[PDB]
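Step one of this worksheet: look at the structure below.
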Number of protein chains: 2
Amino acid sequence: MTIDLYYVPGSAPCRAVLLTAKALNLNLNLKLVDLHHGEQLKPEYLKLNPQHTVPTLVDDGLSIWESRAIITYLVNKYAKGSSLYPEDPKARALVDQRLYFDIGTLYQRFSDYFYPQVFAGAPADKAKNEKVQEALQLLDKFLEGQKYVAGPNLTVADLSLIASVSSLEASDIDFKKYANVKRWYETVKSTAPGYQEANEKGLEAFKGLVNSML
Amino acid sequence: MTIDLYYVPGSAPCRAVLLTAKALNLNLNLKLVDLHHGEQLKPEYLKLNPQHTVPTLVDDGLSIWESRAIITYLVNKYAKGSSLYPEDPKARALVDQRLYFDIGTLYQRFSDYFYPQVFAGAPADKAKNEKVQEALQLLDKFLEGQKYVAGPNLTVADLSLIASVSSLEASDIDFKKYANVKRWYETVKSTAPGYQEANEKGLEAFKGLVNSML
């Protein structure tokens with residue numbers, strides 16, 4: 001009957017799913033994983049997810065762990081036809097495009113820039129910084145004349161992207177200097193159901209982990 | 001009436017789309033882009049794709065450039081209900097999961113390992129090599145007891161992943177040492193319509209670029 005979500009609150013991809021669940025008003029069985037002490041590396045977790053990451057969604061026989069597949073799965077399953085993931089091909093392709101931009105470009109660049117500094121005491125690399133700036137410039141363009149990032153309505157693309165973009169507040173990347181990004185950030189904060197609990201709470205935990213490590 | 005695809009044949013994400021088009025028996029208007037001399041950086045191309053990448057699909061008012069959004073778009077548009085991208089949520093989520101694995105893990109790791117060597121004369125990094133091995137080990141697990149990577153039928157996930165995995169033949173990563181990967185590779189080669197033209201031809205061009213640069 002019930003569906004399990006293995007997660008930690010600090011993790012942006014996890015927050016993408018928490019946001020999507022709030023937007024659909026779902027009741028997932030949240031299962032905190034002790035990443036800090038390698039619970040994800042034990043056989044019982046590998047059974048569910050051999051890539052030993054979070055989040056991992058477990059829906060009876062189905063285990064899936066890419067946040068961006070989970071959020072579209074939740075809509076496809078529970079709210080087929082929702083404006084959060086519209087069925088119109090052109091409209092859907094734009095959402096999908098933004099999701100791939102998120103994983104392959106924005107969050108990847110941020111990850112490349114930031115996590116060496118946090119977990120390997122690396123210095124801040126100017127070139128990697130610039131790659132993040134360019135990702136934000138692209139986002140700022142996507143948002144020119146647009147309320148949301150993939151069409152006129154809030155979509156799973158906004159929720160995934162905001163979970164990523166918000167994580168930048170733990171670093172020295174001033175993303176609010178991009179006017180359209182700043183506008184969109186505020187809009188999504190005030191329109192995504194349960195944002196405080198689904199994203200802001202976890203974001204705070206992430207800032208906590210970051211401070212501790214730095 | 002007609003739909004444009006800006007591409008170069010050597011590019012794995014481009015080959016993912018060429019494969020998907022062959023599998024759907026579509027007639028795209030192929031438009032070769034002169035990446036080698038920076039045609040993608042000129043204003044006319046930026047207009048279509050500010051991220052200045054290939055492929056870029058242009059369908060009247062719609063421009064989209066993430067290969068993995070394009071291939072699902074082609075199915076959603078022209079063959080809704082196709083086994084190449086099944087509508088069943090669980091079945092679709094598995095395909096989507098594999099697509100995100102492809103961009104965020106397998107191809108990302110390969111890119112990280114290989115392109116510094118090809119375009120920046122970097123030495124081969126053992127650690128980055130190992131990250132690619134681990135991506136292949138994950139693929140090999142996904143394929144345990146399975147003909148295809150995301151269910152019983154050929155899907156856009158196989159086509160995107162094979163475009164990536166095949167690119168490894170230009171490097172020193174022996175992916176065929178993974179028995180399930182080797183089996184799947186062969187199956188897809190012999191079952192994806194137009195594989196020779198959509199993937200192998202371009203793969204050859206890529207090997208050409210690689211040799212030239214090395």
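Just remember, in the structure tokens the first chain shown is A, the second B, etc., residues are 1-based per chain, and ligands are 1-based in the order shown.
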List every residue of chain A that has an atom at most 8 Å from any atom of chain B, and for each one report the closest atom pair and its distance in Å to one decimal, counting only C-alpha atoms, with rows sorted by chain and then by increasing residue number, as JSON lines.
```
{"residue": "A:50", "atom": "CA", "partner": "B:138", "partner_atom": "CA", "distance": 7.1}
{"residue": "A:51", "atom": "CA", "partner": "B:138", "partner_atom": "CA", "distance": 7.0}
{"residue": "A:62", "atom": "CA", "partner": "B:90", "partner_atom": "CA", "distance": 7.3}
{"residue": "A:64", "atom": "CA", "partner": "B:97", "partner_atom": "CA", "distance": 6.7}
{"residue": "A:65", "atom": "CA", "partner": "B:97", "partner_atom": "CA", "distance": 7.3}
{"residue": "A:66", "atom": "CA", "partner": "B:97", "partner_atom": "CA", "distance": 5.7}
{"residue": "A:68", "atom": "CA", "partner": "B:100", "partner_atom": "CA", "distance": 7.4}
{"residue": "A:69", "atom": "CA", "partner": "B:97", "partner_atom": "CA", "distance": 5.2}
{"residue": "A:70", "atom": "CA", "partner": "B:93", "partner_atom": "CA", "distance": 7.1}
{"residue": "A:72", "atom": "CA", "partner": "B:93", "partner_atom": "CA", "distance": 7.6}
{"residue": "A:73", "atom": "CA", "partner": "B:93", "partner_atom": "CA", "distance": 5.6}
{"residue": "A:76", "atom": "CA", "partner": "B:89", "partner_atom": "CA", "distance": 5.6}
{"residue": "A:77", "atom": "CA", "partner": "B:89", "partner_atom": "CA", "distance": 5.6}
{"residue": "A:89", "atom": "CA", "partner": "B:77", "partner_atom": "CA", "distance": 5.6}
{"residue": "A:90", "atom": "CA", "partner": "B:62", "partner_atom": "CA", "distance": 7.3}
{"residue": "A:92", "atom": "CA", "partner": "B:73", "partner_atom": "CA", "distance": 7.7}
{"residue": "A:93", "atom": "CA", "partner": "B:73", "partner_atom": "CA", "distance": 5.6}
{"residue": "A:94", "atom": "CA", "partner": "B:64", "partner_atom": "CA", "distance": 7.2}
{"residue": "A:96", "atom": "CA", "partner": "B:69", "partner_atom": "CA", "distance": 5.3}
{"residue": "A:97", "atom": "CA", "partner": "B:69", "partner_atom": "CA", "distance": 5.2}
{"residue": "A:100", "atom": "CA", "partner": "B:66", "partner_atom": "CA", "distance": 6.5}
{"residue": "A:101", "atom": "CA", "partner": "B:66", "partner_atom": "CA", "distance": 7.4}
{"residue": "A:103", "atom": "CA", "partner": "B:104", "partner_atom": "CA", "distance": 6.4}
{"residue": "A:104", "atom": "CA", "partner": "B:104", "partner_atom": "CA", "distance": 6.0}
{"residue": "A:108", "atom": "CA", "partner": "B:104", "partner_atom": "CA", "distance": 8.0}
{"residue": "A:138", "atom": "CA", "partner": "B:51", "partner_atom": "CA", "distance": 7.0}
```
Pull N, CA and C atoms from the residues just selected and write them as an mmCIF file, in the first residue's frame.
```cif
data_model
loop_
_atom_site.group_PDB
_atom_site.id
_atom_site.type_symbol
_atom_site.label_atom_id
_atom_site.label_comp_id
_atom_site.auth_asym_id
_atom_site.auth_seq_id
_atom_site.Cartn_x
_atom_site.Cartn_y
_atom_site.Cartn_z
ATOM 1 N N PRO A 50 22.093 -0.225 -5.751
ATOM 2 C CA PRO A 50 23.514 -0.560 -5.877
ATOM 3 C C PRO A 50 24.402 0.670 -6.088
ATOM 4 N N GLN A 51 23.809 1.799 -6.455
ATOM 5 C CA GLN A 51 24.586 3.023 -6.615
ATOM 6 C C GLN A 51 24.747 3.727 -5.271
ATOM 7 N N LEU A 62 9.374 -1.948 -7.268
ATOM 8 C CA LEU A 62 10.166 -0.950 -7.980
ATOM 9 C C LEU A 62 11.035 -0.087 -7.063
ATOM 10 N N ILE A 64 13.675 3.037 -7.568
ATOM 11 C CA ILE A 64 14.345 3.993 -8.460
ATOM 12 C C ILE A 64 14.971 5.136 -7.675
ATOM 13 N N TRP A 65 16.150 5.577 -8.101
ATOM 14 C CA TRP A 65 16.918 6.502 -7.282
ATOM 15 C C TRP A 65 17.373 7.827 -7.916
ATOM 16 N N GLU A 66 17.118 8.019 -9.199
ATOM 17 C CA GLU A 66 17.400 9.316 -9.790
ATOM 18 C C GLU A 66 16.231 10.235 -9.437
ATOM 19 N N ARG A 68 15.245 12.890 -10.511
ATOM 20 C CA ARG A 68 14.523 13.430 -11.665
ATOM 21 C C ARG A 68 13.621 12.425 -12.367
ATOM 22 N N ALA A 69 13.914 11.130 -12.218
ATOM 23 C CA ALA A 69 12.972 10.083 -12.620
ATOM 24 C C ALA A 69 11.861 9.863 -11.573
ATOM 25 N N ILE A 70 12.190 10.047 -10.293
ATOM 26 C CA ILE A 70 11.209 9.858 -9.224
ATOM 27 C C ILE A 70 10.103 10.921 -9.306
ATOM 28 N N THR A 72 9.050 12.743 -11.838
ATOM 29 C CA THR A 72 8.140 12.572 -12.968
ATOM 30 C C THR A 72 7.306 11.308 -12.750
ATOM 31 N N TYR A 73 7.903 10.274 -12.147
ATOM 32 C CA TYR A 73 7.142 9.066 -11.797
ATOM 33 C C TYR A 73 5.940 9.333 -10.865
ATOM 34 N N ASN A 76 3.247 10.928 -12.996
ATOM 35 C CA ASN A 76 2.728 9.966 -13.976
ATOM 36 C C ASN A 76 1.824 8.954 -13.302
ATOM 37 N N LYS A 77 2.213 8.564 -12.091
ATOM 38 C CA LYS A 77 1.469 7.592 -11.307
ATOM 39 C C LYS A 77 0.193 8.171 -10.721
ATOM 40 N N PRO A 89 3.183 16.973 -25.613
ATOM 41 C CA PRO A 89 4.589 16.700 -25.955
ATOM 42 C C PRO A 89 5.504 17.935 -25.930
ATOM 43 N N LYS A 90 5.148 19.010 -26.623
ATOM 44 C CA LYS A 90 5.986 20.207 -26.591
ATOM 45 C C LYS A 90 6.143 20.721 -25.170
ATOM 46 N N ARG A 92 5.796 19.038 -22.416
ATOM 47 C CA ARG A 92 6.559 18.085 -21.608
ATOM 48 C C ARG A 92 8.053 18.125 -21.938
ATOM 49 N N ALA A 93 8.363 18.250 -23.220
ATOM 50 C CA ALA A 93 9.746 18.315 -23.676
ATOM 51 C C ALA A 93 10.485 19.489 -23.019
ATOM 52 N N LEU A 94 9.796 20.611 -22.829
ATOM 53 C CA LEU A 94 10.444 21.748 -22.181
ATOM 54 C C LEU A 94 10.791 21.440 -20.720
ATOM 55 N N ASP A 96 11.229 18.333 -19.418
ATOM 56 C CA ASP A 96 12.345 17.385 -19.525
ATOM 57 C C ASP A 96 13.679 18.093 -19.843
ATOM 58 N N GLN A 97 13.668 18.990 -20.830
ATOM 59 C CA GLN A 97 14.885 19.734 -21.156
ATOM 60 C C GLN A 97 15.463 20.400 -19.916
ATOM 61 N N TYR A 100 17.179 17.928 -17.572
ATOM 62 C CA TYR A 100 18.510 17.548 -18.035
ATOM 63 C C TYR A 100 19.535 18.680 -17.896
ATOM 64 N N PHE A 101 19.080 19.912 -18.083
ATOM 65 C CA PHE A 101 19.903 21.086 -17.794
ATOM 66 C C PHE A 101 20.322 21.087 -16.322
ATOM 67 N N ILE A 103 20.512 18.451 -14.021
ATOM 68 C CA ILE A 103 21.497 17.430 -13.647
ATOM 69 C C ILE A 103 22.855 17.577 -14.373
ATOM 70 N N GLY A 104 22.819 17.797 -15.681
ATOM 71 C CA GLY A 104 24.025 17.760 -16.497
ATOM 72 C C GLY A 104 24.820 19.047 -16.548
ATOM 73 N N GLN A 108 25.655 19.887 -11.880
ATOM 74 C CA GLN A 108 26.955 19.285 -12.136
ATOM 75 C C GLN A 108 28.062 20.311 -11.942
ATOM 76 N N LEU A 138 22.585 31.097 -18.325
ATOM 77 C CA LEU A 138 21.635 30.312 -19.118
ATOM 78 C C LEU A 138 20.261 30.256 -18.441
#
```
Taking the DSSP assignment computed from this structure's backbone, write out as an MDAnalysis selection string all residues of region 24-150 of chain A that belong to helix (DSSP H, G or I).
chainID A and resid 24 35:37 39:41 43:48 67:78 89:119 126:142
Mind the document's chain letters and residue numbers, and return as a list in words the residues of region 32-140 of chain B that DSSP labels strand (DSSP E or B).
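Going through region 32-140 of chain B, the strand (DSSP E or B) residues come out as residues 32, 56, 57, 58, 59, 62, 63 and 64 of chain B.
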Neighbouring residues of residue 132 (chain B) were defined as those with any atom within 12 Å, considering only C-alpha atoms; residues of the same chain fewer than 6 positions away were excluded. Please report them as number ranges by chain.
B: 102, 104-114, 125-126, 138-139, 164-165, 168, 171-175
Just the selected residues (N, CA, C and O atoms), exported as a compact mmCIF listing (two decimals), in the first residue's frame, please.
```
# COMPACT_ATOMS: atom_id res chain seq x y z
N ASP B 102 22.65 7.59 -17.47
CA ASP B 102 23.46 7.89 -18.64
C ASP B 102 24.12 9.28 -18.56
O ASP B 102 25.35 9.40 -18.58
N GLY B 104 24.19 11.66 -16.00
CA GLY B 104 24.79 12.08 -14.74
C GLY B 104 25.90 11.19 -14.22
O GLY B 104 26.73 11.62 -13.41
N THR B 105 25.93 9.96 -14.69
CA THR B 105 26.90 9.01 -14.18
C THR B 105 27.81 8.44 -15.26
O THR B 105 29.00 8.74 -15.27
N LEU B 106 27.26 7.64 -16.17
CA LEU B 106 28.11 6.95 -17.13
C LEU B 106 28.83 7.92 -18.06
O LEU B 106 30.06 7.94 -18.12
N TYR B 107 28.06 8.72 -18.78
CA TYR B 107 28.70 9.60 -19.74
C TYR B 107 29.48 10.72 -19.05
O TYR B 107 30.53 11.14 -19.52
N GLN B 108 28.98 11.18 -17.92
CA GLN B 108 29.69 12.21 -17.17
C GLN B 108 31.06 11.70 -16.75
O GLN B 108 32.06 12.40 -16.89
N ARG B 109 31.11 10.48 -16.23
CA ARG B 109 32.37 9.93 -15.75
C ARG B 109 33.31 9.72 -16.90
O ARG B 109 34.50 10.01 -16.78
N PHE B 110 32.78 9.23 -18.02
CA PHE B 110 33.58 9.01 -19.21
C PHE B 110 34.14 10.32 -19.72
O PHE B 110 35.32 10.42 -19.99
N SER B 111 33.27 11.31 -19.87
CA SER B 111 33.67 12.66 -20.23
C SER B 111 34.80 13.15 -19.33
O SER B 111 35.84 13.63 -19.82
N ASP B 112 34.61 13.03 -18.01
CA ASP B 112 35.61 13.53 -17.05
C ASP B 112 36.96 12.86 -17.22
O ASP B 112 38.02 13.48 -17.05
N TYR B 113 36.92 11.58 -17.56
CA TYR B 113 38.12 10.78 -17.70
C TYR B 113 38.84 11.05 -19.01
O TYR B 113 40.06 11.22 -19.05
N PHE B 114 38.05 11.11 -20.09
CA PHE B 114 38.58 11.06 -21.46
C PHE B 114 38.90 12.41 -22.11
O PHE B 114 39.93 12.54 -22.77
N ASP B 125 43.99 9.55 -15.76
CA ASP B 125 43.91 9.57 -14.31
C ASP B 125 43.32 8.25 -13.84
O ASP B 125 42.23 7.86 -14.25
N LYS B 126 44.06 7.55 -13.00
CA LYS B 126 43.66 6.24 -12.53
C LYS B 126 42.34 6.32 -11.77
O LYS B 126 41.45 5.49 -11.95
N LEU B 138 27.89 -0.91 -12.50
CA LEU B 138 26.47 -0.62 -12.29
C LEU B 138 25.64 -1.03 -13.51
O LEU B 138 24.57 -1.64 -13.37
N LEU B 139 26.14 -0.72 -14.71
CA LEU B 139 25.42 -1.07 -15.93
C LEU B 139 25.33 -2.59 -16.02
O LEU B 139 24.28 -3.16 -16.36
N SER B 164 26.54 6.49 -25.82
CA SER B 164 27.60 6.77 -24.83
C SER B 164 28.64 5.64 -24.75
O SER B 164 29.83 5.87 -25.01
N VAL B 165 28.19 4.44 -24.39
CA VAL B 165 29.08 3.28 -24.24
C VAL B 165 29.96 3.00 -25.45
O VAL B 165 31.16 2.73 -25.31
N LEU B 168 33.27 4.79 -25.85
CA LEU B 168 34.41 4.29 -25.07
C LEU B 168 35.42 3.52 -25.92
O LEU B 168 36.55 3.32 -25.50
N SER B 171 38.74 5.04 -26.50
CA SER B 171 39.63 5.19 -25.34
C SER B 171 40.20 3.84 -24.94
O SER B 171 40.05 2.85 -25.64
N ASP B 172 40.82 3.81 -23.77
CA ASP B 172 41.40 2.58 -23.24
C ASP B 172 40.50 1.86 -22.22
O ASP B 172 40.96 0.98 -21.49
N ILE B 173 39.23 2.23 -22.18
CA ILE B 173 38.30 1.55 -21.29
C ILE B 173 37.74 0.30 -21.96
O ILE B 173 37.01 0.38 -22.96
N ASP B 174 38.11 -0.86 -21.43
CA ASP B 174 37.66 -2.13 -21.99
C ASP B 174 36.30 -2.47 -21.37
O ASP B 174 36.25 -3.12 -20.34
N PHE B 175 35.21 -2.01 -21.98
CA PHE B 175 33.88 -2.22 -21.39
C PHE B 175 33.34 -3.61 -21.67
O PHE B 175 32.45 -4.09 -20.98
```
Return the single residue from B:84, B:203, B:5, B:179 that is closest to residue 153 (chain B), with distances computed using only C-alpha atoms.
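Using only C-alpha atoms, residue 153 (chain B) sits closest to B:84.
The space between CA of residue 31 (chain A) and CA of residue 155 (chain A) spans 25.1 Å.
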Polymer residues at most 8 Å from residue 14 (chain B), only C-alpha atoms, same-chain spacing of 6 or more positions, as a PyMOL selection string:
chain B and resi 7-8+54-55+67
